[PDB]
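S.K.: One structure is given below, represented as structure tokens, and several questions about it will come after.
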Amino acid sequence: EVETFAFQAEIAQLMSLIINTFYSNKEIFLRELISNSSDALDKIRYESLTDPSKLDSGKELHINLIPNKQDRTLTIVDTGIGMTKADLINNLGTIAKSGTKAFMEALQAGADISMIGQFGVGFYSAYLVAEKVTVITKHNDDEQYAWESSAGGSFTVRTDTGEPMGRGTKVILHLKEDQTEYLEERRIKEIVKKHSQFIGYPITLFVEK
Ligand SMILES: Cc1nnc(-c2cccc(Br)c2)o1
């Protein structure tokens, strides 16, 4: 049972700008997604400080990077607070309408796409490298859901029958054919060391057979 939603017009515009603008520095997508994971991990850690049972769904707080060259996917997994269904529908827990407004004014007033995270909409930088993005998520207060979009103005939400997650979020980037450098170990390592060296959670780069 799959529900299809229209993006708000401002978010559709943000996504088309990310997809259509010539902009070579695409690697910042990974920094933005790792920073989102770190923010989600901070949230569940804060909640556990007064309620240890918040970690009954998993005590470990970490980030995994899982490249799969056969599927042409890069998956970013975290065990943060996760998202409810309502969060997913409401722009993946962001204030994306006001964030997009600010970001697009900054762009005409000097800034560049790499600055997107300062506007709270860094998730959408996934579309610098991905033709499709699938988000699997589990929040303590809701069931496991899958969000998905290939842009084009719409996204879907469904209950996820896949492998149960415990708690957290999995961002599956279905990479564009010309963006497969981001599945190579040495490239991913380079980007994490350049842009994510001060993230306060373990980041494990899985290797492939
Ligand atoms: C708003 C807004 N105006 N241009 C952009 C943009 C262009 C290329 C890459 C990225 Br990320 C963002 O965002």
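Numbering starts fresh at 1 for the residues of each chain in the structure tokens, the chains themselves are lettered A, B, ... in the order given, and ligands are numbered from 1 as they appear.
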Can you check which parts of segment 168-197 of chain A lie within 10 Å of segment 145-157 of chain A? Per residue, the shortest pair of atoms and distance in Å to one decimal, counting only C-alpha atoms, sorted by chain and number, as CSV.
M.R.:
residue,atom,partner,partner_atom,distance
A:169,CA,A:145,CA,9.8
A:170,CA,A:146,CA,9.3
A:171,CA,A:147,CA,9.5
A:172,CA,A:148,CA,9.3
A:174,CA,A:150,CA,9.4
S.K.: Please give me, as a PyMOL selection string, the residues lying within 7 Å of ligand 1 when counting only C-alpha atoms and all ligand atoms.
M.R.: chain A and resi 14+17-18+21-23+100+103-105+107+112-114+116+125+128
S.K.: Give me the residues near residue 195 of chain A as a ChimeraX atom specification, where near means some atom within 10 Å (using only C-alpha atoms) and where sequence neighbours in that chain fewer than 6 positions away do not count.
M.R.: /A:27-28,30-32,34-35
S.K.: Output C-alpha atoms for every residue in that selection, as an mmCIF file, in the first residue's frame.
M.R.:
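again-v7.cif written:
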data_model
loop_
_atom_site.group_PDB
_atom_site.id
_atom_site.type_symbol
_atom_site.label_atom_id
_atom_site.label_comp_id
_atom_site.auth_asym_id
_atom_site.auth_seq_id
_atom_site.Cartn_x
_atom_site.Cartn_y
_atom_site.Cartn_z
ATOM 1 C CA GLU A 27 31.296 15.454 -3.082
ATOM 2 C CA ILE A 28 29.765 17.653 -0.370
ATOM 3 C CA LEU A 30 28.409 12.959 1.794
ATOM 4 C CA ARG A 31 29.393 15.634 4.312
ATOM 5 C CA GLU A 32 25.812 16.812 4.463
ATOM 6 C CA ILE A 34 26.905 12.459 7.648
ATOM 7 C CA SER A 35 26.176 15.728 9.423
#
S.K.: Can you measure atom CA of residue 92 of chain A to atom CA of residue 78 of chain A for me? One decimal in Å is fine.
M.R.: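 Interatomic distance here is 14.7 Å.
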S.K.: Enumerate, as a list in words, the complete set of residues in segment 84-188 of chain A that a backbone-based DSSP assignment places in strand (DSSP E or B).
M.R.: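 The strand (DSSP E or B) subset of segment 84-188 of chain A is residues 130, 131, 132, 133, 134, 135, 136, 137, 138, 145, 146, 147, 148, 149, 154, 155, 156, 157, 158, 159, 168, 169, 170, 171, 172, 173, 174 and 175 of chain A.
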S.K.: Residues within 12 Å of residue 59 of chain A, please, as an MDAnalysis selection string. Count only C-alpha atoms; anything in the same chain fewer than 5 positions from it doesn't count.
M.R.: chainID A and resid 41 44:45 48 52:54 79:81 166:168
S.K.: Would you please work out which residue, of A:204, A:98, A:197, A:84, is nearest to residue 158 of chain A when using only C-alpha atoms?
M.R.: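 Answer, going by the shortest atom-to-atom distance: A:84.
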S.K.: So the first atom is atom CA of residue 19 of chain A and the second is atom CA of residue 190 of chain A; what is the distance between them in Å, to one decimal place?
M.R.: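 These atoms are spaced 23.9 Å apart.
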S.K.: Find the distance between atom CA of residue 55 of chain A and atom CA of residue 126 of chain A and write it in Å to one decimal.
M.R.: 28.5 Å
S.K.: Restricting the calculation to only C-alpha atoms, which member of A:180, A:69, A:164, A:47 is positioned closest to residue 209 of chain A?
M.R.: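 Of A:180, A:69, A:164, A:47, the one nearest residue 209 of chain A is A:69, counting only C-alpha atoms.
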S.K.: When you count only C-alpha atoms, which of these residues is closest to residue 136 of chain A: A:207, A:121, A:165, A:96?
M.R.: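 Closest candidate: A:165.
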S.K.: I need the residue nearest residue 143 of chain A from this list: A:109, A:200, A:173, A:159. Use only C-alpha atoms for the distance.
M.R.: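 Comparing A:109, A:200, A:173, A:159 against residue 143 of chain A, the winner is A:159.
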S.K.: Report as JSON, numbers by chain all protein, DNA and RNA residues lying within 10 Å of residue 203 of chain A, evaluated on only C-alpha atoms, omitting residues in the same chain fewer than 2 positions from it.
M.R.: {"A": [34, 62, 63, 64, 65, 76, 77, 78, 192, 196, 197, 199, 200, 201, 205, 206]}
S.K.: Using the selection just defined, write its residues with N, CA and C atoms as a short mmCIF file (atom, residue, chain, number, x, y, z; two decimals), in the first residue's frame.
M.R.:
data_model
loop_
_atom_site.label_atom_id
_atom_site.label_comp_id
_atom_site.auth_asym_id
_atom_site.auth_seq_id
_atom_site.Cartn_x
_atom_site.Cartn_y
_atom_site.Cartn_z
N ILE A 34 26.27 12.85 6.40
CA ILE A 34 26.91 12.46 7.65
C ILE A 34 26.58 13.46 8.75
N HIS A 62 26.24 5.04 15.99
CA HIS A 62 27.28 4.99 14.97
C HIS A 62 26.71 5.30 13.59
N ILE A 63 27.64 5.43 12.64
CA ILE A 63 27.38 5.71 11.23
C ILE A 63 28.14 4.69 10.40
N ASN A 64 27.44 3.99 9.51
CA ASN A 64 28.05 3.07 8.56
C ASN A 64 27.89 3.58 7.15
N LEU A 65 28.94 3.42 6.35
CA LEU A 65 28.89 3.77 4.94
C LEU A 65 29.05 2.46 4.17
N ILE A 76 24.01 5.22 3.57
CA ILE A 76 24.49 5.85 4.80
C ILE A 76 23.53 5.44 5.91
N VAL A 77 24.02 4.68 6.90
CA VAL A 77 23.18 4.13 7.96
C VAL A 77 23.58 4.81 9.25
N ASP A 78 22.60 5.28 10.02
CA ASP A 78 22.89 5.74 11.38
C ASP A 78 21.87 5.14 12.33
N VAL A 192 35.57 11.61 3.59
CA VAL A 192 35.34 11.60 5.03
C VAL A 192 36.47 12.31 5.76
N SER A 196 34.60 15.43 7.26
CA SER A 196 33.89 14.85 8.40
C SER A 196 34.85 14.43 9.51
N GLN A 197 35.99 15.10 9.61
CA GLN A 197 37.01 14.60 10.51
C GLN A 197 36.65 14.83 11.97
N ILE A 199 33.42 14.58 13.31
CA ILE A 199 32.15 13.97 13.69
C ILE A 199 32.38 13.04 14.87
N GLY A 200 31.56 13.18 15.91
CA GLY A 200 31.79 12.56 17.20
C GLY A 200 31.16 11.19 17.35
N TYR A 201 31.10 10.45 16.26
CA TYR A 201 30.58 9.09 16.26
C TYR A 201 31.46 8.28 15.33
N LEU A 205 33.50 2.52 7.17
CA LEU A 205 33.39 2.29 5.73
C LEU A 205 33.47 0.79 5.48
N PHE A 206 32.35 0.19 5.07
CA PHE A 206 32.35 -1.24 4.75
C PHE A 206 33.13 -1.46 3.46
#
S.K.: Could you pull out all residues of segment 130-191 of chain A with a DSSP call of helix (DSSP H, G or I) and give them as a list in words?
M.R.: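 Of segment 130-191 of chain A, only residues 177, 178, 179, 180, 181, 182, 183, 185, 186, 187, 188, 189, 190 and 191 of chain A fall in helix (DSSP H, G or I).
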S.K.: Which is closer to residue 29 of chain A than all the others in A:93, A:130, A:10, A:72, using only C-alpha atoms?
M.R.: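 Using only C-alpha atoms, residue 29 of chain A sits closest to A:130.
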